[PDB]
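Beneath this line is the structure, given in structure tokens, with notes to follow.
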Amino acid sequence: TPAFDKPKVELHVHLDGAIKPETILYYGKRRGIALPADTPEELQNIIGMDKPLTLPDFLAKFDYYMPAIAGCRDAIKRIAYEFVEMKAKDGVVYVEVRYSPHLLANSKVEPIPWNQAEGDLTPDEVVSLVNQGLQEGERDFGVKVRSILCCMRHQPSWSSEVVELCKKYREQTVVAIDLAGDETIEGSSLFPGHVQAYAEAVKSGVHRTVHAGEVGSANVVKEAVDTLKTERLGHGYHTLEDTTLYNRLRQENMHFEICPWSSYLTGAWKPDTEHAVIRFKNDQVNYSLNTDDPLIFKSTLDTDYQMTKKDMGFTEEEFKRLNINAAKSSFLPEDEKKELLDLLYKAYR
Ligand SMILES: C[C@H](O)[C@@H](CCOc1ccc2ccccc2c1)n1cnc(C(N)=O)c1
Ligand SMILES: [Zn+2]
């Protein structure tokens, strides 16, 4: 089978989109959750998509399974730990993982998410656990792992606590900020809570990535770059609809976090169309290949790779190239990027 049986780097995957179904059951059946069903095959098949959906229809999934994990300490710990594992079975050697800690919390968080009750798990505490899990999972599985904390676009009130967590826990495991969920709310890239957050990030040396351009216009991408000063774009596919912006982003070596399979499944790409990634490759962009949410997309990294291999003509040399871009564009300190990259090169020859 495997499309590209070599070392990979991955930079765009959500923790809470990367949970074993079996451990969602464990925790609902534990805590008393109630769930679309009670067998893992079923379970995947319902939080699995295989069809674009409305945003409603898509967020309701997070509504079922998140309350099995959010608020539980052994759960936060365990999903982080199990994820590292998943990724080693993918052949990843370095991953950045992102998530929102407020969306695992059930205390000093307002509004409390997921219809949860309060409870004694705070946002800060969540990231302690997660990274505990990533670390020991690093130790045992052999993947080198960092984490990215996510502001949410509809909730600029969390954004500076997001920033501060990143500073508080930086270089183990947290290496950067993200901005996530729902691009389409008007002006949200320019919400003062987000833009003071990303400026604080610049001020404190934390790395920036932003969602922009999976579902929003090229205007949102230009917001990510010019106002929030991102160093990388999550997805970025709509930047193609504005060509000076595409021209300038290709020329400041801007990194795109591509997610092929994520984008058919979501509708972000219409499948009658040049997939963004083939153009991106034709133009020699800086990009990665990425999973986004394997639970939801019924995926693995090899899924992504199979797609671009079988239907987009890609090729092991690009595969090698793009993973080398991922390593160059990682949020590691340079002494360790270079260590990442020298591993990759050796492996690639
Ligand atoms: C960032 C977190 O790690 C988490 C957030 C889950 O809850 C949400 C909440 C609101 C949203 C509104 C629009 C789009 C996605 C949303 C995801 N998450 C997981 N995957 C995604 C995604 N694919 O967009 C976002
Ligand atoms: Zn994402």
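Each residue of the sequence shown is one higher than the last, beginning at 1 in my numbering. Ideal Cβ positions, reconstructed from N, Cα and C, are used throughout, including at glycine.
- For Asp178, the enclosing beta strand (DSSP E) begins and ends at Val174 to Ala180.
- With respect to the 8 Å criterion, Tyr64 and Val9 are not classified as neighbours on the basis of their beta carbons.
- Per DSSP, reduced to three states, the secondary structure at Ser288 is strand.
- Sorting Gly236, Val143, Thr300 and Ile324 by C-alpha distance to the C-alpha of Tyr81 places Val143 at the top.
- Checking the 7 Å criterion, the Cβ of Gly234 is within range of a heavy atom belonging to ligand 2.
- Distances taken from the Cβ of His207 to the heavy atoms of ligand 2 include none shorter than 7 Å.
- Nearest Cα to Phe191 within the set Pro7, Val175 and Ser157: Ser157.
- Leaving aside the five residues that flank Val195 on each side, the residues in its chain whose CB is nearer than 7 Å to its CB run, in chain order, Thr227 and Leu228.
- In the DSSP assignment, the residues bridged to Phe256 are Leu233 and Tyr287.
- Per DSSP, reduced to three states, the secondary structure at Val143 is coil, with no helix or strand assignment.
- When the beta-carbon positions are compared, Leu240 and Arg279 come within less than 8 Å of each other.
- Secondary structure of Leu265 (DSSP, three-state): helix.
- The residues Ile258 and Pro260, in chain order, have a CB closer than 6 Å to that of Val277 in the same chain once the five nearest residues on each side in sequence are set aside.
- Under the Cβ criterion (8 Å, minimum of three pairs), the segment 8-26 counts as touching the segment 285-294.
- Around the C-beta of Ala201, 16 or more other C-beta atoms lie within 10 Å, and the residue is accordingly described as buried.
- Taking each of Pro67, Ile46 and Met152 in turn and checking the Cα distance to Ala197, the smallest one comes out for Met152.
- Note on geometry: alpha-carbon atoms of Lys298 and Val163 lie some 31 Å from one another.
- Here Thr303 has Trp261 as same chain residues with Cβ atoms under 7 Å from its own Cβ, once five neighbours each way along the sequence are excluded.
- Separation of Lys222 and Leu179 (C-alpha to C-alpha, rounded to the nearest whole angstrom) is 14 Å.
- A residue is called buried once 16 or more other Cβ atoms fall within 10 Å of its Cβ, and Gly205, having fewer, is exposed.
- Counting of Cβ neighbours within 10 angstroms places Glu274 among the exposed residues, the total staying below 16.
- Restricting attention to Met66, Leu149 and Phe62, the CA atom closest to the CA of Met49 is found in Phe62.
- In this structure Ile148 is buried. Its beta-carbon is surrounded by 16 or more other beta-carbon atoms within 10 angstroms.
- At the C-beta level, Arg146 and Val175 come within 8 Å of one another.
- For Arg321, the enclosing alpha helix (DSSP H) has its first and last residue at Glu316 to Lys328.
- For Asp302, the distance from the CB to the nearest heavy atom of ligand 2 is not below 7 Å.
- For ligand 1, a non-hydrogen atom lies closer than 7 Å to the CB of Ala180.
- Checking the 7 Å criterion, the Cβ of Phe83 is out of range of every heavy atom belonging to ligand 1.
- Shortest Cα-Cα distance from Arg73 to any of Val92, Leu53, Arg31 and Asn45 involves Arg31.
- Relative to the non-hydrogen atoms of ligand 2, the Cβ of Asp292 comes within a distance shorter than 7 Å of at least one.
- The bridge partners DSSP lists for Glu96 are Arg146.
- By the C-beta criterion, the segment 84-99 is judged not to be in contact with the segment 36-51, since fewer than 3 inter-stretch pairs fall below 8 Å.
- About 5 Å separates the Cβ atoms of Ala347 and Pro7, confirming a contact at the 8 Å cut-off.
- In this structure the segment 326-342 does not lie against the segment 127-139, because fewer than three pairs of beta carbons, one per stretch, are closer than 8 Å.
- At least one heavy atom of ligand 1 is found less than 7 Å from the C-beta of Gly17.
- In the structure shown, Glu183 adopts coil according to DSSP, grouped into three states.
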